[PDB]
Amino acid sequence: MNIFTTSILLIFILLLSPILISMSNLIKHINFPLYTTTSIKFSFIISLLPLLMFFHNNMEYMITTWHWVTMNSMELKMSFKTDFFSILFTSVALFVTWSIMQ
Amino acid sequence: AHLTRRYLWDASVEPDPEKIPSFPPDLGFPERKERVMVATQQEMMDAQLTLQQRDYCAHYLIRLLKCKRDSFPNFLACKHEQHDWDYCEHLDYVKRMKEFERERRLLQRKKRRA
Amino acid sequence: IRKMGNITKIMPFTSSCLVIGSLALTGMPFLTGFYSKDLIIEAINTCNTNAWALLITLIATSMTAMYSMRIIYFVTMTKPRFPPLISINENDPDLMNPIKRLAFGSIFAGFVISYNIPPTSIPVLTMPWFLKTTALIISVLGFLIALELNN
Amino acid sequence: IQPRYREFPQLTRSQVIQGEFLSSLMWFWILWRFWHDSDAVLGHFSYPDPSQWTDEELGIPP
Amino acid sequence: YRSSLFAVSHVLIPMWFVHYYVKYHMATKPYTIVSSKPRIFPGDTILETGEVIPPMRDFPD
Amino acid sequence: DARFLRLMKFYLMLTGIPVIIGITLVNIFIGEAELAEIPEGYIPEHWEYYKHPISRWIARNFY
Amino acid sequence: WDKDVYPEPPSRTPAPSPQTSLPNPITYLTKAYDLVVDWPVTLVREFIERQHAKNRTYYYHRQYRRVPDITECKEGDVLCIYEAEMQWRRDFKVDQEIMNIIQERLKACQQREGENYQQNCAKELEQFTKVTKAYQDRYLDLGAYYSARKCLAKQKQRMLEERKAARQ
Amino acid sequence: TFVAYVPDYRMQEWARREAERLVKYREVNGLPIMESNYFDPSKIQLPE
Amino acid sequence: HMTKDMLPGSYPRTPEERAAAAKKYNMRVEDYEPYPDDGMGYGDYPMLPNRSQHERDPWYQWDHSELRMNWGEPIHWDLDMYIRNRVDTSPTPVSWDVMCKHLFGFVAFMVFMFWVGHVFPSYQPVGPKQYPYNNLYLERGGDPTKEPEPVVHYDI
Amino acid sequence: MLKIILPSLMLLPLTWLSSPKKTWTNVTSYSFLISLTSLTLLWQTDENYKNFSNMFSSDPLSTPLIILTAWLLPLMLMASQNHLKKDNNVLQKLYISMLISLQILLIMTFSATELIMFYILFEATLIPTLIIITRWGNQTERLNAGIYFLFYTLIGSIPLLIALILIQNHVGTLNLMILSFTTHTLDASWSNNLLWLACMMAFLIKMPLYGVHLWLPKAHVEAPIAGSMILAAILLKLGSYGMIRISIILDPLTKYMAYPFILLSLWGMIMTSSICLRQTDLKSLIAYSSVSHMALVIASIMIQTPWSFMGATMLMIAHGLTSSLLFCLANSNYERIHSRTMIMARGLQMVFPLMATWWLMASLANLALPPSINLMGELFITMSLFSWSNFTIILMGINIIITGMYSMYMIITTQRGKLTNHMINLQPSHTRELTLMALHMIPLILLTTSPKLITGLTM
Amino acid sequence: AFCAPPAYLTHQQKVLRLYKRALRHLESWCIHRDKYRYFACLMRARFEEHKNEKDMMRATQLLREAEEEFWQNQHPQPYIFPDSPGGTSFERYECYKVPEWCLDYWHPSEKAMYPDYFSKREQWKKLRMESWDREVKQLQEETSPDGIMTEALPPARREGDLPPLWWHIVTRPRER
Amino acid sequence: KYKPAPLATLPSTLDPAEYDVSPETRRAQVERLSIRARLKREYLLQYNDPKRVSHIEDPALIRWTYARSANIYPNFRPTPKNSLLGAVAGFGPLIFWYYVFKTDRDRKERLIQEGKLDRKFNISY
Amino acid sequence: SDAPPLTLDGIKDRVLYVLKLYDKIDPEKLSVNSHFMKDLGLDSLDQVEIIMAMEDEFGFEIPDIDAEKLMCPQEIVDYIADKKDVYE
């Protein structure tokens, strides 16, 4: 129950990392397209794990990472709902996006 | 079929799907029988099923999901279970065909009475 | 399309993959299109669906094959109506590997998922053949008609 | 690579045999799971023709 | 070599930071994570005490 | 544009990174504190009803 | 983490029945994870907690003494009105946070019950409807310039209506 | 930095704490979590 | 630099003013024709053909290649909607009346047939799916203290 | 509060006596120090509002405006540092002094309790603006623009003052929170109705409706960057703050004394958002956008709901910053060209590759792209208005759509076409103006992150 | 697209343009080049039939019936040429087609490299100012007071000296 | 066949007023040409004019802006259908929206006074 | 997948290839300056069809303004060269 959220946040962290690199000065030295393609590949390989755990448990998951505000009985927070739909759509989208990037 | 039989041919006898018990339930059965369930509320709850999912055909499905989880990576190991589950749903759809036909024949009877 | 042709001979790889995709979209029985499209075409006629809606839906299921074979003919079976010069190149890996991976996916993942996901809903497996095989029959019809017209 | 002009180019075997690979693979898989699931298009179940039932069952008054 | 270095610098380190975050800032709070209840079946025993459970009645045909 | 980017990144990092580092060292060594209930012989002060060390430090020195 | 506040119902975990001739991937996968990742993280956590304990610090919870209310408060005079209105704002904020707590516990119960939310997730909904009738009859139509005076007028009009109903 | 390390801005933390404690108290003692009447209707007096 | 003589003015009611206005706007008199006088503010700014800018000769290397307009060529009062990123009067092989007729006819036919099919739908010749426990009267909330209509389901 | 004011009253002699080569830098950096020190107000541990004397005070609804003003001062300075470059040192010193007087007045008023002090400061705001607009413009109609500005404002001012007198006499004092703890209810007759009018008419005339939006475009056009900044950012906000602080007494009148003003505000939002499509002058487009958003602010202010007030404050701050930024960008593209027209310069982004990303990041904040305080405010206000009636989502949506349209029209007629060939005067970006853009933006990021500061009274 | 057209036209060019348009629309209708050749020959015969005729009456009549038949039997979605209007490459590169004068504002730290090319810009601009004023008198001397001119531009009637108004044409970036 | 429209103008060729062979009309065309050529030449004597450190001024653009912005009220003369359209746009729609909102609010108010409208969960407003 | 650019020799050889495959009047021996209407007694139809064939051979389009005036293969080549900016 810790590997799951770990992966679900790691995929977003991977996709972030290049964007961050964009800010920096390495691009003029580095092959940004291959960098991003491979980061996406590893994001997909990560996203796969949720599929195995989900088909083996069929346990949906719901998370509230960060609490943004508290607006007088109507709060807000970065909430994820890793259920069948999204946990599968991530993998499909990455399987496509890796090829598209190449 | 019944569609045109209703729309361009005879216009009333063709029954209505949404009022089936409109006729008494034992107009031709001397002490008609009733149905049976082979899985209890507690089981069909703890197994976390859905409402368009849990019918009188639920035990086959429970055994199916057990055999599917167990040996998960060796999937395709639950096929004699799917066959039986589809068999039960076929049986149910046949029961419904038969109830519709029953109402059709009973309307035929009523109209024969006039 | 009006300025291309002979794509099969001049470029077999993309044409093979394009045919794969075209037939999958038509609804070929086991190419990851079937495993959703044909259950959908079951339910569409099996439930209390509005007549005109059902009808235009099946017409569209045919027009799928229609314009797919349109692509096929106008791009892959007629003559090379494109300019004389040629600098073809597809032996590059960054363009030959992705399509390969995507074809393997488009052939396997549909089946894999249809057999691995929890069975959300209760299907309906009791109907006549002329309602269980409607999509198949009508797509074959589209193939024949497109051939006749393109010729 | 070296272009041509109003002529057909000399092609390599890798790309063409990869295309043949993909297509033969599709045909193989189709035949395999057709063999294994010939009923997925027909169904193992028999749809009934009413007028074959009996007023005996589903009791009716005549 | 670069394969291993990339694996490290783009999977491992973030994994360490995120495991820290999760297991000591998120599961340390009332309803941050919600592990949907598992899908029990009949017969299935329990890694907790959970005495044996009963199967159903007749399975004709 | 290269000049603006580089100089802004400098004149930010310069004090952002030392500060963030001090913050990390504080959270590690000092860290947050406990919800010690109120004894019946002590009247806490404004620099003790707040959790974070930096917060209570400021509340003790300035405010 | 007051568990009496946040129930956290029990966890009827199932058991493993791996009946096949093939190995579970999750076994080795999670073993290797718990091996390589949790080890350093756990050691570092212990280090941090030890430094904490050696340079420990405490902090209390502010207890606001109570005071008279708007009722026992002569009009025109203010000091009393202020020392009452601010207490009332505190109470208002606390009630809002209570609402938040109820909603959080409710969403928890819902998800943790899954598809059976219509049967086992009905208890908390009753606490919700009750608490919400309360929060409505208290703080519904005040206005961004809300305050004890307007809340009291609300209460009083409602009491008068209920009493007229009772008497007829 | 100053802002981010400001404490309990307008009490949105002390209040959460206080609500937790009060809910514990009342859940135990059997009272309801929120009464539909705020001020004591006894000390109050009304016309006819 | 600009000046009143070079800027617009009032509605010229005399060819004396008209010709000077035209030579100012860099046009020719016999083509110059201002807007009517309803006092909406048009003043004396020429009235030009209500044509878009997708029409203009696209080959000539205009100076304003994004507007296909030359330097002093007077500017259509309503250019803001003819900037070529907007309304296009590019003539059509088909015509206005006939295209509108086609579209409306098609859409009317479609919606009419949809209503028709809703009034005379399709459905499979069977009854309604059954449900064991009073349509699961519990799992749909129900209550633990009420015995509503006993929904018994029979065999055929 | 003196800790915020006195130094701002020392920047003046500082400017006067400092040498030319150093006055700019000295005054700028020290104004930044003032901006920094202006954060002490954010130590609002508990709900007990801050009161420093019978003459000053702070609040959650005022503090944001205070900081925003103390931080827009130096941006005005900087953006006012390439033009008037051939104007004498004494003249530029006068300009600086006027800016600083504006800052000081705005702070004192956004802090003061007694609405009469608030009013004298609200009306002393003029002289520096009128001056800045007449003596440093670039066209001729600036005169008529200043006249309109001044006289609209004073016509508003008068009955406001008369009603403040009627109050000070009927009631004993004018101090706020005393007005609260001793307010009452009115017999709701024509007298009290005209009183409601004479109290809100000035604040409205300032925060423009459809009917009196006329002095805004003239100002923002004929006037320079600093006047445009300060108008679009604060001198409107003064009306909103006054209305918020004063409406506390006029209950219940504002239930039926609002329908005309709400109607006007919404219809004007719509018509002005439409004109923003076909308004050539860039600064005029920006001004009418400001009108379109302040109409939302007003519609949210009247009906008096907490969600509405918080949304008003959010959108207020957001629009202030975003409009200052857009005006910086306009000025920038003007100094190189000297023509406000939108369709003259086109097809940039090939020579100002970065600047675009300071153009883009503004539009997206205008059309309410989230996560932004802009959309948070628009959305909470739409919620309040939906509750107040179910037939206002219509207008909310029409406005959202027309905005999503003209923002991109503006992006695309200046940074999306193909480059002209006679604009040889395209001096590349200055680090100074890039800095101004970055400084207007970054705070949007930080506040999108932590907005609890920027909520309002109700939070 | 460099030379400019005359104000009026002639029957000749009108018929030519109708011919080219119809043949393109036929290439679009009838895809196969064999069918295209066939029907193009048919259209050529149709034209050569009335070719030798010269009566303006029959000319205008046939032309205005031909344009109507063309507009009524044209292709809805014709065959556009990519590099020309309507296509999928028109202006595609204008986002990269920068002009030269962006050069002057380079920084010396950048034009440090690329030194040779900047060693030749000067001798190019030097090839402009030294021969500009002359390019004016060539017109101000030949600015025929008749005052009826076209958009054409005369060459350098002298030798050695350069033509008039070559800047806005030379230095026009590539197409890429 | 084909008909004109305010959108799809009659294309160039089909226009009967084209194919005319009038000497006067052709002379007008050639005069337009003389004009346009003078303009383009005056423009090209500046596009390439060396020693230039500035841009070009488009007086047509300036005059267009003047006529859209500030030449309006002076040449404006009020008349009916104009005053009428103005009063319409300024009064009608406001009042329509107003009747709508007032009717809705009165409905809601009487409903609540009856004590019916389900307001459950309307805790924040 | 960009092929290499075009040069004058290639352009000339191609143009001769095409104008020789032409059959109407060309006596299979074209001088680079083999004027169509003057030096070969051709027709406007033929010239226009030549221009169209060249358009198809080189992908792009030649506008009428210059199609009507081209009367020399050397002129066609000069036009193509000044359009594609060849021979650095």
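Per-chain numbering from 1; labels A, B, C, D, E, F, G, H, I, J, K, L and M assigned in written order.
Throughout what follows, a contact is a pair of C-beta atoms (placed from the backbone, for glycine too) under 8 Å apart; a residue touches a chain by one contact, two chains touch by 3 or more.
In UniProt terms, the chains line up like this: B = NADH dehydrogenase [ubiquinone] 1 beta subcomplex subunit 7; G = NADH dehydrogenase [ubiquinone] 1 beta subcomplex subunit 10; J = NADH-ubiquinone oxidoreductase chain 4; K = NADH dehydrogenase [ubiquinone] 1 beta subcomplex subunit 9; L = NADH dehydrogenase [ubiquinone] 1 beta subcomplex subunit 4.
> Supply the minimal count of touching-chain steps required to go from chain H to chain I.
2
> Quick one: which chains contact chain E and chain L both?
Neighbours common to chain E and chain L are A, G.
> Quick one: point me to the chain whose Cα centre is farthest from that of chain H.
Chain M.
> Using Cα averages as centroids, what's the distance between chain E and chain M in whole Å?
74
> Measuring centre to centre with CA averages, how many angstrom lie between chain F and chain I?
58
> With chain centres taken as the means of their Cα atoms, state the distance from chain B to chain D in Å.
The computed centroid separation for chain B versus chain D comes out at 31 Å.
> Between chain D and chain I, what is the gap in Å from one C-alpha centre to the other?
Chain centroid spacing, chain D to chain I, equals 47 Å.
> Indicate the residues of chain K shared as contacts by at least two other chains.
Answer for chain K, listing residues that touch two or more other chains: 1-2, 4-5, 71-72, 168.
> Quick check on chain E: which residues sit in contact with 2+ other chains?
Where chain E meets two or more other chains at a single residue, that happens at 15, 19, 23, 31, 34-41, 44.
> Find every residue in chain I that makes contact with two or more other chains and list them.
Where chain I meets two or more other chains at a single residue, that happens at 59, 79, 120, 122-123, 138-140, 156.
> Contact residues on chain G for chain E in the complex?
Its residues touching chain E are 1, 5-6, 8, 11-17, 36-38, 40-41, 44-45, 104-105, 107-108, 111-114.
> If you look only at chain E, which of its residues touch chain G in the complex?
12, 15-16, 19-20, 23-24, 28-31, 34-41, 44-48, 50
> For a test of understanding, state which residues of chain G touch chain A in their complex under the given definition.
Contacts found on chain G: 25-26, 29-30, 33, 37, 96-97, 99-100, 103, 107, 111, 114, 135.
> Which part of chain K faces chain I closely enough to touch in the complex?
Touch residues, chain K against chain I: 1-2, 4-5, 71-72, 74, 76, 85.
> Can you check the complex and tell me which residues of chain G touch chain H?
Listed in rising order, the residues of chain G that touch chain H are 2, 4-5, 61-62, 69-72, 90-91, 93-98, 100-102, 127, 130-131, 133-135, 137-138, 151-152, 155-156, 159-160, 163.
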